[PDB]
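Here the Cβ is made from the backbone with ideal geometry for all residues, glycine too, and neighbour counts use every protein chain on show. Each reported figure results from applying straightforward, stated rules to the coordinates on display, with no laboratory input.
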Amino acid sequence: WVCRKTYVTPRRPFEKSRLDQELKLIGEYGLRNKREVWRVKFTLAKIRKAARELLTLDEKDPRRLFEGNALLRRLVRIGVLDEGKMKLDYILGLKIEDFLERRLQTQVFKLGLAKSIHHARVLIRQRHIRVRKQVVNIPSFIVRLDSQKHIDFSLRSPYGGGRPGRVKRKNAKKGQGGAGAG
Amino acid sequence: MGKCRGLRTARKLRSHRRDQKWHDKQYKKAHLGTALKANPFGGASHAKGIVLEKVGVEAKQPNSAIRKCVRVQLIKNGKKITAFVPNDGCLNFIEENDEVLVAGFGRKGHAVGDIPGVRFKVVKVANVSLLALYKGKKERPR
Amino acid sequence: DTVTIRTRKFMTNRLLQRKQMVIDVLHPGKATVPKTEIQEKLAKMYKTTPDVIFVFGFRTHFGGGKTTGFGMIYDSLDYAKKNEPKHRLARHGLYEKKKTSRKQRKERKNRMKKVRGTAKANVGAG
Amino acid sequence: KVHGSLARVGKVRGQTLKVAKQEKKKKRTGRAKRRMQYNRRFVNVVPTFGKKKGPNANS
RNA sequence: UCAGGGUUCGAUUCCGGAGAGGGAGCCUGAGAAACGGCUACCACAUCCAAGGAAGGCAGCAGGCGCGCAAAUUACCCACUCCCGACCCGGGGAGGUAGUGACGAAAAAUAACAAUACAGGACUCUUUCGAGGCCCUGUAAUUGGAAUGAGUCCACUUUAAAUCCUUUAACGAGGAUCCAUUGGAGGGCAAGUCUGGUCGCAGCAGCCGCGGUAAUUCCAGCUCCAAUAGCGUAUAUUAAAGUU
């Protein structure tokens, strides 16, 4: 039906300067590939293009008002922008890293219960967390501002209340069939 | 500069450009179609033929080597093309009076490297790649 | 388990003589229970008894915890038995189909086409 | 010398020794391959005076 | 595809048009110069007791041929609509499944402690040295913990079923529940390592490598890039202010 790409490739194939930035950025946040990086940078450069229009439109054009007002609300609703700013010039001061703070795996680590970031991604996938009432398996949730005070573990897991795993209950049955009857 | 900048000179611009575009080499091949008629390909990426007989082809200086090509007749034209064979010992995996699949070098019209008179190479002998014959993950199907 | 049946946007659909709502269901440590069990509980929430209740849908969300379907409740049997698409009546049996597979119809039809006056052989006889 | 003509194919590949030392060790994929790449280059932290070394050096 | 201006493509799901082997003529009807109607000629091809008779898949499947090149002689009118004298009948329209690395979205292939060395802020000490913190890989075994991949009863899905989601019971110690595709002289991210070959064999888009000391060939080890994808050929755009 309707399909389109969510990322673009770099114009240069190789460049010592570029590769180090993409590598070290992936190291911090535990990302799997550069396709998880360029995805972010497509969205950002798209938003940077839309903003770049409206600044050149006449001040108090109706198109410029209605777009900007509802746009900045969305940037504030995800929390990559403040309302102590609230104008279009600060869109261009926005950059790549601020998004990545609002990723699920980043917020698990930063404001919750994890070891290193590499641990935290595994917890999201193995279904040990929820967002308000709802299980997730996607570390690319990007998390709305309101939902940061509802990040909790899951209500059926061995982490908190719920049935144990098959490593524990296995060893429990080693007390009954591994050394209790075997 | 040195040319009209009228306001009613759309005709004198758009008819001039349509003429001086034909002096370009690239454009003149695309739109006359003399390309299609002269080529042994129909513009198709590959083509298929039947072997006529192995040959040895001498190299252009400074390099000196013997390059062991083949010569092939085609299915759908009956005309003849001289085609390179890749890596060491892959000549043996091509046997006379069988079919092969050919393909251009990667320069799209011109002879490549130090070998002259060759503009084509060979990729598959009989639904089996030169790679798997060479590497040894497949065998001759006969 | 202990499960909850919970309404959602009721309609008194007088023209078809039924009452159609959503069947919003919560299940705690389980989810996805038989549809038969569901209509029992709805029988003893509007006192209409479970043979004029009909339900279907019931897709279960991730992790369990909720399931949502669509249910009808007819005033009498005959209003259901008349209106009702056949497969929903046969869903808890009182009707079947036969008929018989597909094809045996078309190959007979074209043979019936090539006779005139008497086609009673082909209707029974091949 | 060259004896038994120099037109012969399969020459260099049919007179070379064939040896191996195929792995028993399993290499990492996906996430962890980038994790090691990050730590081994930048977060060690070794670097010293101007040098040419590269990330390979079997010299 | 693209800064601005453009360039290239449009058989192909919507709308309009034209045509049902090639030509011509015509019947019926409100509407047709109709081909799932008819008549003739021409090109084909079938049956025949040789007197005659019958045919047009650029409809859905399927076969031969052609080529570099393309799926099941499957299930069903429940949905969506249409047709009829009709609330009831019919529909290869259409829906459903199969084949499917054209292409697009999502994101697993091991995470955490013990010991072990290793680094540096910090502390003590004239220094040596010692303590200790933050972390790192890396050896040695392990230990505890977790999960779907699969296998699979039940429910659900639907016309009937599959898939998906939901749930029993089995299901991880790294040797296997195994990530590959290309490259390492320069352009261009990575070996003036080891063995073999000696202008031979081969590599090389380009510039160039090989004539017995090959950082470029054939192999081993190591390293680099992208990654469930990567390479190659060809059309075409940007690069091209080289239209």
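Descriptive notes on the structure:
- Using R0 = 35 Å, the C-beta based FRET efficiency linking residue B:95 and residue A:32 works out to 0.15.
- Dipole magnitude of chain C, debye to nearest 20 (Cβ charges: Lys/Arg +1, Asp/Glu -1, about Cα centre): 1300 debye
- Amide N proximity, the range A:26-43 versus residue A:125 label position 7 Å along Cα-to-Cβ, cut-off under 13 Å: A:30-33
- Each principal axis of the Cα cloud of chain C was evaluated for its coordinate range; sorted largest first, these ranges are 65, 36, 21 Å.
- Selected from A:116, A:157, A:17 as most flexible by GNM, with chain A as the system and alpha-carbon contacts under 10 Å: A:17
- Neighbours of residue C:88, meaning other residues whose beta-carbon lies under 12 angstrom from its beta-carbon, give a summed charge of +3 when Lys and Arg score +1 and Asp and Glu score -1.
- The range C:92-126 and the range C:4-79 have Cα centres spaced 39 Å apart.
- Per residue, the average separation of C-alpha pairs within less than 8 Å and at least 6 apart gives the range B:12-142 a relative contact order of 20 percent.
- Highest-fluctuation residue, A:68, A:161, A:79 considered, GNM on chain A with Cα pairs under 10 Å: A:161
- Virtual spin-label span in nm between residue D:45 and residue C:41, 7 Å along Cα→Cβ: 6.0 nm
- Of the GluC sites (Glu not before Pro) in the range B:16-101, those whose Cβ has at most 14 other Cβ within 10 Å and which sit in DSSP loop: B:53, B:95, B:96
- Normalised by the number of residues in chain C, the average gap of Cα pairs under 8 Å and 6 or more apart makes the relative contact order 21 percent.
- Each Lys or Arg adds one and each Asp or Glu takes one away; over the other residues whose Cβ falls under 12 Å from the Cβ of residue D:13, this sums to +3.
- The range C:36-100: GluC sites (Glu not before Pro) in DSSP loop, at most 10 other beta carbons within 10 Å: C:96
- Nearby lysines by direct alpha-carbon distance to residue D:53 (threshold 28 angstrom, same-chain neighbours under 8 apart not counted): A:16, A:24, A:34, D:21, D:25, D:26, D:27, D:33
- Note on chain B: Kirkwood hydrodynamic radius from all Cα pairs is 18.2 Å, rounded to one decimal.
- Charge-dipole axis of the range B:1-101 as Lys and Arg at +1 and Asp and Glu at -1 on Cβ define it, positive-most pick from B:59, B:44, B:74: B:44
- Structure remark: mean-square fluctuation, Gaussian network model of chain C, C-alpha springs under 10 Å; the largest value among C:86, C:47, C:99 belongs to C:99.
- Near-label residues of the range A:55-91 by backbone N, under 15 Å of a point 7 Å along Cα→Cβ of residue A:48: A:89-91
- For chain A, taking the reciprocal of the average inverse distance between every pair of different Cα atoms yields a Kirkwood hydrodynamic radius of 19.8 Å.
- With at most 11 neighbouring Cβ atoms within 10 Å, loop chymotrypsin sites (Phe, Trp or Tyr not before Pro) (DSSP) excluded, longest segment of chain A: A:15-182
- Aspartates and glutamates whose Cα lies under 18 Å from that of residue A:60, excluding same-chain neighbours fewer than 8 positions away: A:89
- Sites excluded, GluC sites (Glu not before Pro) in DSSP loops with at most 12 other C-beta within 10 Å, longest stretch of chain A: A:84-182
- Computed magnitude of the charge dipole of the range A:13-182 (debye, nearest 20; Cβ of K, R +1, Cβ of D, E -1): 1320 debye
- Inter-part distance where the range A:61-77 and the range B:41-105 are each reduced to a Cα centre, Å: 65 Å
- Calculated FRET efficiency, residue B:67 to residue C:109, Cβ-Cβ distance, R0 = 51 Å: about 0.15 to the nearest 0.05.
- Loop-located trypsin sites (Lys or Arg not before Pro) in the range A:121-182, at most 15 other Cβ atoms within 10 Å (DSSP): A:127, A:132, A:133, A:144, A:166, A:173
- Pair-distance profile P(r), taking every C-alpha pair of the protein assembly as shown, with 20 angstrom steps and integer %: 12, 22, 32, 28, 6, 0
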